[PDB]
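Peer 1: I'm passing along run.cif; it holds mmCIF, C-alpha atoms.
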```cif
data_target
loop_
_atom_site.label_atom_id
_atom_site.label_comp_id
_atom_site.auth_asym_id
_atom_site.auth_seq_id
_atom_site.Cartn_x
_atom_site.Cartn_y
_atom_site.Cartn_z
CA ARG A 1 131.87 -14.51 143.01
CA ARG A 2 132.97 -13.28 139.54
CA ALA A 3 129.95 -14.89 137.86
CA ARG A 4 130.20 -12.19 135.09
CA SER A 5 126.43 -12.47 134.37
CA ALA A 6 123.68 -10.73 136.32
CA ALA A 7 121.06 -13.01 137.87
CA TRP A 8 118.37 -10.44 137.05
CA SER A 9 118.80 -7.60 134.56
CA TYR A 10 116.33 -4.75 134.01
CA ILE A 11 116.35 -2.47 130.97
CA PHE A 12 115.46 1.15 131.76
CA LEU A 13 113.33 3.28 129.49
CA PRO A 14 114.55 6.91 129.25
CA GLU A 15 111.43 8.23 131.00
CA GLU A 16 111.62 5.58 133.74
CA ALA A 17 113.69 6.36 136.83
CA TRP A 18 112.39 3.81 139.39
CA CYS A 19 112.07 0.03 139.07
CA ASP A 20 109.91 -1.84 141.58
CA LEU A 21 110.46 -5.35 142.94
CA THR A 22 107.66 -6.63 145.18
CA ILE A 23 108.10 -9.69 147.42
CA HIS A 24 104.96 -11.18 148.99
CA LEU A 25 105.78 -13.33 152.00
CA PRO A 26 103.25 -16.14 152.64
CA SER A 27 102.73 -14.96 156.23
CA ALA A 28 103.49 -11.77 158.14
CA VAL A 29 106.86 -11.95 159.92
CA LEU A 30 108.92 -9.53 161.96
CA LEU A 31 111.47 -7.90 159.66
CA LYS A 32 114.86 -6.74 160.93
CA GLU A 33 117.41 -6.61 158.09
CA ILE A 34 117.17 -6.58 154.29
CA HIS A 35 120.23 -7.58 152.27
CA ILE A 36 120.50 -6.70 148.57
CA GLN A 37 123.47 -8.01 146.61
CA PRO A 38 124.50 -6.04 143.50
CA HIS A 39 126.38 -7.60 140.61
CA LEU A 40 130.00 -7.95 141.72
CA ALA A 41 131.52 -8.09 138.23
CA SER A 42 130.06 -4.71 137.23
CA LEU A 43 129.13 -2.12 139.84
CA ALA A 44 128.00 0.23 137.08
CA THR A 45 124.75 -1.76 137.14
CA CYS A 46 124.41 -1.18 140.89
CA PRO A 47 121.42 1.03 141.82
CA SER A 48 122.13 4.61 142.84
CA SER A 49 119.47 4.74 145.57
CA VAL A 50 117.16 2.12 147.09
CA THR A 51 114.10 2.87 149.22
CA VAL A 52 112.25 0.07 151.00
CA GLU A 53 108.46 -0.31 151.12
CA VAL A 54 106.97 -2.73 153.66
CA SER A 55 103.32 -3.58 154.37
CA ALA A 56 101.82 -5.34 157.38
CA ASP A 57 98.55 -5.89 155.51
CA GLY A 58 100.48 -6.71 152.33
CA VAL A 59 98.49 -4.50 149.94
CA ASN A 60 99.05 -0.99 151.34
CA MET A 61 102.77 -0.25 151.34
CA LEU A 62 103.87 2.04 154.14
CA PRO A 63 107.64 2.40 153.61
CA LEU A 64 110.35 2.85 156.18
CA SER A 65 112.58 5.88 155.55
CA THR A 66 114.25 8.10 152.99
CA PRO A 67 116.05 6.42 150.04
CA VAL A 68 119.50 5.16 150.99
CA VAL A 69 122.33 6.03 148.61
CA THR A 70 123.78 2.75 147.33
CA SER A 71 126.30 4.01 144.75
CA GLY A 72 129.63 2.18 144.77
CA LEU A 73 128.66 -0.56 147.23
CA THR A 74 129.53 -4.22 146.73
CA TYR A 75 126.84 -5.20 149.25
CA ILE A 76 123.71 -3.31 150.31
CA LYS A 77 122.74 -4.10 153.91
CA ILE A 78 119.64 -2.26 155.14
CA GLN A 79 119.02 -2.72 158.87
CA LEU A 80 115.97 -1.55 160.81
CA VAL A 81 116.40 0.11 164.19
CA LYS A 82 112.82 -0.95 164.97
CA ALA A 83 111.70 -4.38 163.80
CA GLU A 84 108.30 -4.13 162.13
CA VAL A 85 105.83 -6.69 160.81
CA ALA A 86 105.75 -7.03 157.02
CA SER A 87 103.70 -9.52 155.02
CA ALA A 88 104.91 -7.91 151.78
CA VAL A 89 108.11 -6.02 150.96
CA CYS A 90 108.43 -3.73 147.92
CA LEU A 91 111.76 -2.32 146.73
CA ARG A 92 111.97 0.74 144.48
CA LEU A 93 115.39 0.79 142.80
CA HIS A 94 116.67 3.93 141.09
CA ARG A 95 118.35 4.00 137.70
CA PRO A 96 122.14 3.56 137.96
CA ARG A 97 124.13 6.78 137.68
CA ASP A 98 126.10 5.74 134.58
CA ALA A 99 124.80 2.44 133.21
CA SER A 100 121.26 1.97 131.88
CA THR A 101 120.84 -1.62 133.15
CA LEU A 102 120.10 -2.77 136.70
CA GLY A 103 122.15 -5.72 137.94
CA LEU A 104 121.11 -7.64 141.06
CA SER A 105 122.66 -10.87 142.31
CA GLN A 106 120.47 -11.74 145.30
CA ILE A 107 117.79 -10.21 147.52
CA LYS A 108 117.52 -11.40 151.13
CA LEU A 109 114.78 -10.62 153.66
CA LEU A 110 116.15 -11.47 157.11
CA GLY A 111 113.81 -11.59 160.08
CA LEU A 112 111.96 -13.67 162.64
CA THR A 113 108.50 -15.21 162.68
CA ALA A 114 106.46 -15.64 165.86
CA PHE A 115 105.25 -19.06 167.05
CA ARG B 1 138.67 -2.68 128.31
CA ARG B 2 138.39 -5.59 130.80
CA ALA B 3 142.10 -5.43 131.63
CA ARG B 4 141.26 -6.90 135.12
CA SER B 5 144.35 -5.21 136.66
CA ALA B 6 144.53 -1.60 137.82
CA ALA B 7 147.22 0.53 136.19
CA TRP B 8 147.85 2.27 139.52
CA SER B 9 146.69 0.93 142.89
CA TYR B 10 146.90 2.82 146.20
CA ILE B 11 146.57 1.18 149.61
CA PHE B 12 144.70 3.30 152.16
CA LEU B 13 145.71 3.50 155.79
CA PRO B 14 142.70 3.57 158.19
CA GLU B 15 143.48 7.14 159.28
CA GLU B 16 144.00 8.33 155.70
CA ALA B 17 140.96 9.57 153.78
CA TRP B 18 142.52 11.56 150.90
CA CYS B 19 145.17 10.49 148.39
CA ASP B 20 146.95 13.17 146.35
CA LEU B 21 148.23 12.87 142.77
CA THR B 22 150.19 15.89 141.55
CA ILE B 23 150.94 16.45 137.85
CA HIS B 24 153.52 19.13 136.98
CA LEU B 25 153.18 20.27 133.38
CA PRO B 26 156.46 21.53 131.83
CA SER B 27 154.82 24.83 130.85
CA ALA B 28 151.66 26.66 131.87
CA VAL B 29 148.75 25.87 129.53
CA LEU B 30 145.09 26.79 129.43
CA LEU B 31 143.12 23.96 131.03
CA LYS B 32 139.55 23.16 129.96
CA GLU B 33 138.69 19.52 130.76
CA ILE B 34 140.19 16.86 133.03
CA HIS B 35 139.36 13.21 132.34
CA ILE B 36 139.95 10.54 135.00
CA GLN B 37 139.35 6.91 134.08
CA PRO B 38 138.53 4.51 136.94
CA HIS B 39 139.18 0.79 136.76
CA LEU B 40 136.44 -0.69 134.58
CA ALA B 41 136.70 -4.26 135.91
CA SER B 42 136.02 -3.18 139.51
CA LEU B 43 134.16 0.04 140.28
CA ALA B 44 134.51 -0.67 143.99
CA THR B 45 138.00 0.81 143.64
CA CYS B 46 136.55 3.96 142.06
CA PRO B 47 136.98 7.09 144.24
CA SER B 48 133.93 8.39 146.07
CA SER B 49 134.75 12.08 145.56
CA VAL B 50 137.44 13.90 143.58
CA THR B 51 138.39 17.56 144.01
CA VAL B 52 140.77 19.24 141.58
CA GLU B 53 143.64 21.55 142.59
CA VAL B 54 145.27 23.68 139.88
CA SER B 55 148.11 26.20 140.14
CA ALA B 56 149.17 28.88 137.67
CA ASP B 57 152.49 29.34 139.48
CA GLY B 58 152.75 25.57 139.99
CA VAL B 59 153.66 25.63 143.70
CA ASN B 60 150.62 27.28 145.31
CA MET B 61 147.55 25.21 144.53
CA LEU B 62 144.37 27.25 144.25
CA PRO B 63 141.68 24.64 143.48
CA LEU B 64 138.57 25.02 141.39
CA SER B 65 135.37 24.02 143.19
CA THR B 66 133.74 21.70 145.71
CA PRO B 67 134.54 17.95 145.49
CA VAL B 68 132.54 16.20 142.78
CA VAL B 69 130.85 12.94 143.77
CA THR B 70 132.29 10.20 141.55
CA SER B 71 130.67 7.09 143.05
CA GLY B 72 129.43 4.57 140.50
CA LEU B 73 130.91 6.24 137.41
CA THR B 74 132.71 4.33 134.66
CA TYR B 75 134.31 7.58 133.47
CA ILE B 76 134.99 10.80 135.38
CA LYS B 77 134.87 13.85 133.10
CA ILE B 78 135.50 17.16 134.87
CA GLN B 79 134.89 20.18 132.64
CA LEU B 80 135.64 23.81 133.48
CA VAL B 81 133.12 26.51 132.64
CA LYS B 82 136.02 28.99 132.70
CA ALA B 83 139.32 27.86 131.21
CA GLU B 84 142.17 28.77 133.56
CA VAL B 85 145.94 28.60 133.29
CA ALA B 86 147.56 25.75 135.22
CA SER B 87 151.24 24.83 135.23
CA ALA B 88 150.56 22.12 137.83
CA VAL B 89 147.43 20.08 138.57
CA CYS B 90 146.89 18.26 141.87
CA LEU B 91 144.10 15.72 142.41
CA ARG B 92 142.88 14.76 145.88
CA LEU B 93 141.03 11.44 145.65
CA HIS B 94 138.82 10.24 148.50
CA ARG B 95 138.80 6.72 149.88
CA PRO B 96 136.30 4.47 148.05
CA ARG B 97 133.02 3.94 149.89
CA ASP B 98 133.37 0.15 150.18
CA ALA B 99 136.80 -0.99 148.97
CA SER B 100 140.05 0.07 150.63
CA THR B 101 142.09 0.28 147.40
CA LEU B 102 142.06 3.05 144.79
CA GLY B 103 141.97 1.91 141.17
CA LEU B 104 142.77 4.34 138.35
CA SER B 105 143.21 3.43 134.69
CA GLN B 106 144.22 6.75 133.13
CA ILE B 107 144.38 10.46 133.95
CA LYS B 108 144.02 12.98 131.12
CA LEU B 109 144.57 16.74 131.24
CA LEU B 110 142.90 18.24 128.17
CA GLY B 111 143.57 21.84 127.22
CA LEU B 112 145.24 24.30 124.88
CA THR B 113 148.61 26.02 124.96
CA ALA B 114 149.18 29.51 123.56
CA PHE B 115 151.70 30.19 120.77
#
```
Any chance you could put this one into C-alpha cells?
Peer 2:
Amino acid sequence: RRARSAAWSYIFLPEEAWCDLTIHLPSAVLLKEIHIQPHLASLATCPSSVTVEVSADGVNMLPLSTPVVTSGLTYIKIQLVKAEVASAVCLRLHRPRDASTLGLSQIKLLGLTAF
Amino acid sequence: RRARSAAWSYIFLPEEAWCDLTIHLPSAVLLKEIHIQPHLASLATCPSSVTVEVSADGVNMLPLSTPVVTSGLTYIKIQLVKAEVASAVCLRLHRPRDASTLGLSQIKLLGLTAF
C-alpha cells in the first residue's frame, strides 16, 4: 500500500479507447472470480470500465457480460454467477475518465482446476 | 498538490447517502461556472455524483439539472449554459462509491455581479 508507482502503466493514444491484456493459462480451469487491483496512490489512472473476455479453447474469446463500470473503485472484484471453463482470459480496459494513463497494481484470476 | 490531507472531511452514516454544503453569498450575483476540487491524493474520497441547488431568493432552492456523475475526476467543473442569478448555492454530494469519507479540497463559485 502507498507504493506511489504503478506496477504496469499504459500510455493511451488519442484515437485509442480500449487497452487489451490477455492472460493464457497453461491449462483450462474453472473460473469463478477475477480480481483487478488499480493503483491505490492515484485512482485517476483507474479504468472507467472493464469487460472480461474468456475462452475455453483459448483462441476464440467469448466474453461474459456487459462492461462493468469501475470508476472510483480501490479494488475491482468481478465474480461469476456461473463458473465457466477458461484456458485464456482477455481483459479490455477503457481509457480513464480524466487521466490518460492506465495504472494497474495486480491482476488475479481466482478459480478451481479439476483433478 | 499532493497535500495528503483533505481540507474538509465528512464521515458518512450508513443510512445517509447525501451530504449538503450550503454557501450563502452576501448579494445575488449572476452564476456561470461552479468548480469543485476533490482531494488529489485520494480519489476514493471523491463524490460519486454532485447535484447543484441554487436560489435567487436564497431560502428556496430551485436546482439546475440532474446529478452529474463525478466518479474518477481530479477536477469537477460544472458550467451553466444559461447564467442564472443565485444569492445562495447548495451542493448535495453523494456518498463515494468505495470509500466512506468525503474529501474536498476547494469549492469555487465563479460568476459576475452587476453594477
Peer 1: Can I have chain B aligned to chain A? Use a least-squares fit on all Cα atoms paired in order and write it out as a PDB file with C-alpha atoms, keeping the file's coordinate frame.
Peer 2:
```
ATOM      1  CA  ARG B   1     131.874 -14.504 143.010  1.00  0.00           C
ATOM      2  CA  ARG B   2     132.964 -13.282 139.536  1.00  0.00           C
ATOM      3  CA  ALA B   3     129.950 -14.892 137.862  1.00  0.00           C
ATOM      4  CA  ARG B   4     130.199 -12.191 135.089  1.00  0.00           C
ATOM      5  CA  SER B   5     126.434 -12.475 134.369  1.00  0.00           C
ATOM      6  CA  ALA B   6     123.685 -10.735 136.326  1.00  0.00           C
ATOM      7  CA  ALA B   7     121.063 -13.006 137.874  1.00  0.00           C
ATOM      8  CA  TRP B   8     118.368 -10.443 137.050  1.00  0.00           C
ATOM      9  CA  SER B   9     118.805  -7.600 134.556  1.00  0.00           C
ATOM     10  CA  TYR B  10     116.322  -4.754 134.005  1.00  0.00           C
ATOM     11  CA  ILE B  11     116.343  -2.470 130.970  1.00  0.00           C
ATOM     12  CA  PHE B  12     115.458   1.147 131.763  1.00  0.00           C
ATOM     13  CA  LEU B  13     113.329   3.278 129.491  1.00  0.00           C
ATOM     14  CA  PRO B  14     114.557   6.919 129.253  1.00  0.00           C
ATOM     15  CA  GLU B  15     111.434   8.229 131.006  1.00  0.00           C
ATOM     16  CA  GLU B  16     111.615   5.580 133.736  1.00  0.00           C
ATOM     17  CA  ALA B  17     113.688   6.355 136.829  1.00  0.00           C
ATOM     18  CA  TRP B  18     112.396   3.808 139.385  1.00  0.00           C
ATOM     19  CA  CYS B  19     112.073   0.031 139.072  1.00  0.00           C
ATOM     20  CA  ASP B  20     109.903  -1.837 141.585  1.00  0.00           C
ATOM     21  CA  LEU B  21     110.458  -5.359 142.938  1.00  0.00           C
ATOM     22  CA  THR B  22     107.662  -6.636 145.174  1.00  0.00           C
ATOM     23  CA  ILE B  23     108.108  -9.687 147.422  1.00  0.00           C
ATOM     24  CA  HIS B  24     104.956 -11.177 148.986  1.00  0.00           C
ATOM     25  CA  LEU B  25     105.782 -13.328 151.997  1.00  0.00           C
ATOM     26  CA  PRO B  26     103.247 -16.139 152.644  1.00  0.00           C
ATOM     27  CA  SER B  27     102.737 -14.959 156.233  1.00  0.00           C
ATOM     28  CA  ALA B  28     103.486 -11.768 158.138  1.00  0.00           C
ATOM     29  CA  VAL B  29     106.859 -11.942 159.917  1.00  0.00           C
ATOM     30  CA  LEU B  30     108.917  -9.525 161.960  1.00  0.00           C
ATOM     31  CA  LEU B  31     111.469  -7.908 159.654  1.00  0.00           C
ATOM     32  CA  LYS B  32     114.862  -6.738 160.939  1.00  0.00           C
ATOM     33  CA  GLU B  33     117.410  -6.616 158.089  1.00  0.00           C
ATOM     34  CA  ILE B  34     117.169  -6.577 154.292  1.00  0.00           C
ATOM     35  CA  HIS B  35     120.233  -7.582 152.270  1.00  0.00           C
ATOM     36  CA  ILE B  36     120.501  -6.700 148.569  1.00  0.00           C
ATOM     37  CA  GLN B  37     123.473  -8.010 146.610  1.00  0.00           C
ATOM     38  CA  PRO B  38     124.501  -6.044 143.498  1.00  0.00           C
ATOM     39  CA  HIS B  39     126.381  -7.594 140.607  1.00  0.00           C
ATOM     40  CA  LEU B  40     129.998  -7.942 141.722  1.00  0.00           C
ATOM     41  CA  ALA B  41     131.524  -8.092 138.225  1.00  0.00           C
ATOM     42  CA  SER B  42     130.061  -4.708 137.225  1.00  0.00           C
ATOM     43  CA  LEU B  43     129.131  -2.117 139.841  1.00  0.00           C
ATOM     44  CA  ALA B  44     127.996   0.228 137.083  1.00  0.00           C
ATOM     45  CA  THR B  45     124.750  -1.761 137.137  1.00  0.00           C
ATOM     46  CA  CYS B  46     124.411  -1.183 140.889  1.00  0.00           C
ATOM     47  CA  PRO B  47     121.416   1.029 141.821  1.00  0.00           C
ATOM     48  CA  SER B  48     122.123   4.609 142.834  1.00  0.00           C
ATOM     49  CA  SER B  49     119.469   4.740 145.570  1.00  0.00           C
ATOM     50  CA  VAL B  50     117.162   2.124 147.087  1.00  0.00           C
ATOM     51  CA  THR B  51     114.099   2.865 149.221  1.00  0.00           C
ATOM     52  CA  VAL B  52     112.256   0.066 150.999  1.00  0.00           C
ATOM     53  CA  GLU B  53     108.456  -0.307 151.118  1.00  0.00           C
ATOM     54  CA  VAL B  54     106.968  -2.732 153.656  1.00  0.00           C
ATOM     55  CA  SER B  55     103.328  -3.585 154.368  1.00  0.00           C
ATOM     56  CA  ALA B  56     101.821  -5.332 157.381  1.00  0.00           C
ATOM     57  CA  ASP B  57      98.549  -5.894 155.512  1.00  0.00           C
ATOM     58  CA  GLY B  58     100.489  -6.707 152.332  1.00  0.00           C
ATOM     59  CA  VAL B  59      98.488  -4.494 149.947  1.00  0.00           C
ATOM     60  CA  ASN B  60      99.052  -0.987 151.340  1.00  0.00           C
ATOM     61  CA  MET B  61     102.765  -0.256 151.340  1.00  0.00           C
ATOM     62  CA  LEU B  62     103.863   2.040 154.146  1.00  0.00           C
ATOM     63  CA  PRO B  63     107.634   2.399 153.605  1.00  0.00           C
ATOM     64  CA  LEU B  64     110.343   2.854 156.181  1.00  0.00           C
ATOM     65  CA  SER B  65     112.574   5.873 155.557  1.00  0.00           C
ATOM     66  CA  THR B  66     114.246   8.105 152.985  1.00  0.00           C
ATOM     67  CA  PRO B  67     116.053   6.425 150.042  1.00  0.00           C
ATOM     68  CA  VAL B  68     119.502   5.157 150.993  1.00  0.00           C
ATOM     69  CA  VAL B  69     122.336   6.033 148.614  1.00  0.00           C
ATOM     70  CA  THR B  70     123.786   2.753 147.327  1.00  0.00           C
ATOM     71  CA  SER B  71     126.298   4.005 144.745  1.00  0.00           C
ATOM     72  CA  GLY B  72     129.623   2.181 144.763  1.00  0.00           C
ATOM     73  CA  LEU B  73     128.658  -0.560 147.230  1.00  0.00           C
ATOM     74  CA  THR B  74     129.534  -4.225 146.732  1.00  0.00           C
ATOM     75  CA  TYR B  75     126.841  -5.197 149.249  1.00  0.00           C
ATOM     76  CA  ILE B  76     123.710  -3.313 150.313  1.00  0.00           C
ATOM     77  CA  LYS B  77     122.742  -4.096 153.914  1.00  0.00           C
ATOM     78  CA  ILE B  78     119.642  -2.261 155.141  1.00  0.00           C
ATOM     79  CA  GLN B  79     119.021  -2.715 158.866  1.00  0.00           C
ATOM     80  CA  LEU B  80     115.972  -1.556 160.816  1.00  0.00           C
ATOM     81  CA  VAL B  81     116.400   0.102 164.195  1.00  0.00           C
ATOM     82  CA  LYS B  82     112.814  -0.948 164.968  1.00  0.00           C
ATOM     83  CA  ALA B  83     111.705  -4.382 163.800  1.00  0.00           C
ATOM     84  CA  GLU B  84     108.297  -4.131 162.126  1.00  0.00           C
ATOM     85  CA  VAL B  85     105.834  -6.684 160.810  1.00  0.00           C
ATOM     86  CA  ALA B  86     105.745  -7.024 157.022  1.00  0.00           C
ATOM     87  CA  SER B  87     103.705  -9.519 155.023  1.00  0.00           C
ATOM     88  CA  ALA B  88     104.916  -7.916 151.778  1.00  0.00           C
ATOM     89  CA  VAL B  89     108.111  -6.011 150.958  1.00  0.00           C
ATOM     90  CA  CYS B  90     108.429  -3.731 147.927  1.00  0.00           C
ATOM     91  CA  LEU B  91     111.761  -2.319 146.729  1.00  0.00           C
ATOM     92  CA  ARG B  92     111.973   0.739 144.481  1.00  0.00           C
ATOM     93  CA  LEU B  93     115.393   0.790 142.807  1.00  0.00           C
ATOM     94  CA  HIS B  94     116.672   3.928 141.086  1.00  0.00           C
ATOM     95  CA  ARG B  95     118.347   4.000 137.697  1.00  0.00           C
ATOM     96  CA  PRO B  96     122.141   3.555 137.956  1.00  0.00           C
ATOM     97  CA  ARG B  97     124.126   6.781 137.687  1.00  0.00           C
ATOM     98  CA  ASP B  98     126.094   5.744 134.585  1.00  0.00           C
ATOM     99  CA  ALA B  99     124.799   2.436 133.203  1.00  0.00           C
ATOM    100  CA  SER B 100     121.264   1.970 131.890  1.00  0.00           C
ATOM    101  CA  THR B 101     120.845  -1.617 133.153  1.00  0.00           C
ATOM    102  CA  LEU B 102     120.102  -2.777 136.701  1.00  0.00           C
ATOM    103  CA  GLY B 103     122.153  -5.721 137.941  1.00  0.00           C
ATOM    104  CA  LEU B 104     121.107  -7.637 141.061  1.00  0.00           C
ATOM    105  CA  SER B 105     122.657 -10.872 142.306  1.00  0.00           C
ATOM    106  CA  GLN B 106     120.469 -11.738 145.296  1.00  0.00           C
ATOM    107  CA  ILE B 107     117.795 -10.211 147.527  1.00  0.00           C
ATOM    108  CA  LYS B 108     117.517 -11.400 151.132  1.00  0.00           C
ATOM    109  CA  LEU B 109     114.786 -10.617 153.659  1.00  0.00           C
ATOM    110  CA  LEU B 110     116.142 -11.463 157.110  1.00  0.00           C
ATOM    111  CA  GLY B 111     113.806 -11.592 160.082  1.00  0.00           C
ATOM    112  CA  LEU B 112     111.956 -13.676 162.641  1.00  0.00           C
ATOM    113  CA  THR B 113     108.495 -15.207 162.672  1.00  0.00           C
ATOM    114  CA  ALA B 114     106.457 -15.638 165.854  1.00  0.00           C
ATOM    115  CA  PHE B 115     105.255 -19.064 167.045  1.00  0.00           C
TER     116      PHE B 115
END
```
Peer 1: Running the PyMOL selection byres ((chain A and resi 18) around 9) on this model by hand, what would come out? Give it as a PyMOL selection string.
Peer 2: chain A and resi 12+16-17+19-20+92-95
Peer 1: Determine which residues of chain A sit within 10 Å of chain B, taking into account only C-alpha atoms, and present them as number ranges by chain.
Peer 2: A: 40-48, 70-75, 96-99
Peer 1: Name the closest residue to residue 35 in chain B among the candidates B:105, B:9, B:65, B:60; distances are taken between atoms, counting all atoms listed in the file.
Peer 2: B:105
Peer 1: So which one's closest to residue 5 in chain A, A:104, A:54, A:59, A:30? Using only C-alpha atoms, please.
Peer 2: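 Going through A:104, A:54, A:59, A:30 one by one, the smallest distance to residue 5 in chain A is for A:104.
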Peer 1: Just the number, please: distance in Å from CA of residue 21 in chain B to CA of residue 80 in chain B, one decimal.
Peer 2: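 CA of residue 80 in chain B lies 19.1 Å from CA of residue 21 in chain B.
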Peer 1: Do you know which residues are at most 12 Å from residue 89 in chain A counting all atoms listed in the file, after dropping those on the same chain fewer than 3 positions away, and could you put them as a ChimeraX atom specification?
Peer 2: /A:20-31,33-34,51-64,84-86,92,107-110
